[PDB]
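Trainee: turn this into a structure:
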Amino acid sequence: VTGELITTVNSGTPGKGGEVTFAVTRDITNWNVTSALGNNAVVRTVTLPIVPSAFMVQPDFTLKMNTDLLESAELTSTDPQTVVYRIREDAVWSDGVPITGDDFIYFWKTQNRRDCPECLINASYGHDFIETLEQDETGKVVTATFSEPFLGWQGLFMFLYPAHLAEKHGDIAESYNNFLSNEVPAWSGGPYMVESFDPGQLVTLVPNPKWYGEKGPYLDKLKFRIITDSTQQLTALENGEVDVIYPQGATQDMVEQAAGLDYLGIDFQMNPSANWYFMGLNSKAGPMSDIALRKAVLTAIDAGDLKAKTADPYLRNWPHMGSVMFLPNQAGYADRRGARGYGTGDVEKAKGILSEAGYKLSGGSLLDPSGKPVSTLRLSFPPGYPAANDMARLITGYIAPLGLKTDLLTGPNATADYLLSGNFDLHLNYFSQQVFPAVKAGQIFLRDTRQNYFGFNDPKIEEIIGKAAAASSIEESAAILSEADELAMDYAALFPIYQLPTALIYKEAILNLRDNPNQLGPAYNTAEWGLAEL
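Mentor: Residues are numbered from 1 along each chain as shown. Find the structure here:
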């Protein structure tokens, strides 16, 4: 029995001074997390200490208004939808220039798909629904007027950049695509600022002397040590080369090794991630273009065994995920996977599905209805995730009694970004869930969207997602979106499995360091990090 909640784990009041080194698994070649080329957890983690945010995702997966930056953020009308931000008078950039509506307006123009068509952004996330964005004479009152209703307005302006500096480095596209992306940032609107960068080796941050927030900074230096071999991170922690690691693919062996390092003052936190494993099926081309084969495969897979073999030996009460739009703890979640018989390990039912669609078995091999042998299936998965490798082997075994063979494919070319309608039949990977399921769903289930890898193509799903994204609460949104989850599971192109475990492994002298098991991650509150007093 503990008195810590997910939001208060490892709370304390640190001393002043010292340093913390946090391992990251990518070199920094793009400093702009909102750009397509900078959109990953490493850039997000390294720049969270310097980028101000309107709202921040908390460990309980809620959005918290940043009261260091903002006095208030209010939905003041719905006819038309209007949001008013009041920026704190004391909020300033590291050169002393006030943070103002100039910074909101610049970011909106880079993200809204209209004012800067050449900006190489990741995604608009609804910034394009803001039609006008105006500020008062003081620069501290910002009014956003929307062209249509939008649920996820608190996810907007989560990363702000210094407009007055960007303005000195070309037009909007040039400053966003070059200055803010390619250059090591000399500026900050957060508790820390970059002092030096050794490419491929080390980012060194120091306190921002003009930090305006309530807490911190406590450290003389905050360092991010680049260790691209994720399997060497626990050794670096053991050896004192870093003080914190956050590896992506935890295993039983990793947990057991970390537990054996308690004599060095190492502890760890692990929680269900916003990242969730799935198997996608190529509905656009190849054998999986037949929905009957997709449903037979999903019915034959034994999800209980999948989890029993790869999670249950070292993770207690680990939840199945039976939705492709909601995590198990989100409003609207239900086991829509099992309701359809997917994941039940029911080989005889799967064989019936195939027989009833015209498939036949000959000499141990499945024949398609025309009489041609079904090809060996290409099952790809990215490197660096031992659980995915193990599950790929297990799935091969589950479908072998159907007369299907598989070729397992991995390595650097087997990532999601490199998927093509021509190069896979089955793909094991993960998606990163967002605070607003309807916003995430619009990025992955719509016909002409990059992350629709498996070929959903249903105007009704798209209509439902649009209505859900226009709702006035997450709960209403979830009630609407549930219908799209049902239809998506009917199509059998995306099979949810279970959430990845996080693993924050660290020297316990560091206080106010806690897991934040979502895309924003543990560096959401570096202003509070410090070392306990001896």
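Trainee: what about the closest residue to residue 27 other than its chain neighbours, how many residues nearby?
Mentor: Closest residue in space to residue 27, ignoring its immediate chain neighbours: residue 200 at 4.9 Å, by Cβ to Cβ, 6 or more residues apart in numbering. The C-beta positions use only the backbone N, C-alpha and C, and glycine is treated the same way. Neighbours of residue 200 under the rule other Cβ atoms under 10 Å: 11.
Trainee: likewise residue 125?
Mentor: 21.
Trainee: same question for the one 5 residues further on.
Mentor: The criterion is other Cβ under 10 Å. On that basis, residue 130 has 22 neighbouring residues.
Trainee: so who does it touch?
Mentor: Counting by Cβ atoms under 8 Å, 6 or more residues apart in numbering, residue 130 touches 108, 112, 144, 145, 146, 147, 156.
Trainee: excluding residues flanking it in the chain, which one is nearest it?
Mentor: Setting aside the residues directly before and after it, residue 130 is nearest to residue 144 in space (Cβ to Cβ, 6+ apart), at 4.8 Å.
Trainee: next, residue 62: phi, psi?
Mentor: Backbone torsions for residue 62, taken as degrees, to the nearest 10, come to phi -90, psi 160.
Trainee: for residue 44, same thing?
Mentor: Dihedral angles (degrees, to the nearest 10) for residue 44: phi -60, psi -40.
Trainee: that one: how many residues sit nearby?
Mentor: Neighbour tally, residue 44, other Cβ under 10 Å: 19.
Trainee: quick check: closest non-adjacent residue to it.
Mentor: Residue nearest to residue 44 in three dimensions, not counting chain neighbours: residue 33, with 4.8 Å by Cβ to Cβ, 6+ apart.
Trainee: that's a strand at the one you found, yeah?
Mentor: No: read with DSSP: H, G, I helix; E, B strand; the rest coil, residue 33 is coil and lies in no strand.
Trainee: what sits against it?
Mentor: 39, 40, 43, 44, 47, 51, 159.
Trainee: can I have the buried ones of those residues as a ChimeraX selection?
Mentor: Restricted to buried positions by 16 or more other Cβ atoms under 10 Å, the ChimeraX selection for those reads:
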select :39,43,44,47,51,159
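Trainee: how about TSV for the contacts of residue 33, with distance to residue 228 and secondary structure added?
Mentor: Shown next, in TSV, are the contacts of residue 33 (distance: Cβ to Cβ, whole Å; DSSP: H, G, I helix; E, B strand; the rest coil):
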residue	distance to residue 228	secondary structure
39	18	coil
40	13	coil
43	14	helix
44	17	helix
47	18	helix
51	23	coil
159	24	coil
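Trainee: surely residue 154 touches residue 55?
Mentor: Yes: using Cβ atoms under 8 Å, residue 154 makes contact with residue 55 at a distance of 4.8 Å.
Trainee: overlap in contacts of those two?
Mentor: 63, 65, 73.
Trainee: got a winner among those for most neighbours?
Mentor: Going by other Cβ under 10 Å, residue 73 tops the shared contacts of residue 154 and residue 55 with 22 neighbours.
Trainee: report the beta-bridge partners for that one.
Mentor: Residue 73 has these beta-bridge partners by DSSP bridges: residue 85.
Trainee: could you do the one 5 residues further on as well?
Mentor: With DSSP bridges as the criterion, the beta-bridge partners of residue 78 are residue 81.
Trainee: that one: neighbouring residues, count only.
Mentor: Applying other Cβ under 10 Å, I find that residue 78 has 10 neighbouring residues.
Trainee: and it, how far from residue 149?
Mentor: Residue 78 sits 7 Å away from residue 149, taking Cβ to Cβ, to the nearest Å as the criterion.
Trainee: repeat that for residue 351.
Mentor: From residue 351 to residue 149 the distance is 48 Å (Cβ to Cβ).
Trainee: these two: who's more crowded?
Mentor: residue 351 (19 against 16).
Trainee: which helix or strand contains the more buried one?
Mentor: Under the criterion of DSSP states H and E, residue 351 resides in helix 347-356.
Trainee: before we move on, back to that, dump the contacts of residue 130 into JSON lines; add distance to residue 265, secondary structure and neighbour count as well.
Mentor: As requested, those are exported to JSON lines (distance: Cβ to Cβ, whole Å; DSSP: H, G, I helix; E, B strand; the rest coil; neighbours: other Cβ atoms under 10 Å):
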{"residue": "108", "distance to residue 265": "46", "secondary structure": "helix", "neighbour count": "23"}
{"residue": "112", "distance to residue 265": "48", "secondary structure": "coil", "neighbour count": "20"}
{"residue": "144", "distance to residue 265": "47", "secondary structure": "strand", "neighbour count": "26"}
{"residue": "145", "distance to residue 265": "53", "secondary structure": "strand", "neighbour count": "15"}
{"residue": "146", "distance to residue 265": "50", "secondary structure": "strand", "neighbour count": "20"}
{"residue": "147", "distance to residue 265": "54", "secondary structure": "coil", "neighbour count": "12"}
{"residue": "156", "distance to residue 265": "41", "secondary structure": "coil", "neighbour count": "23"}
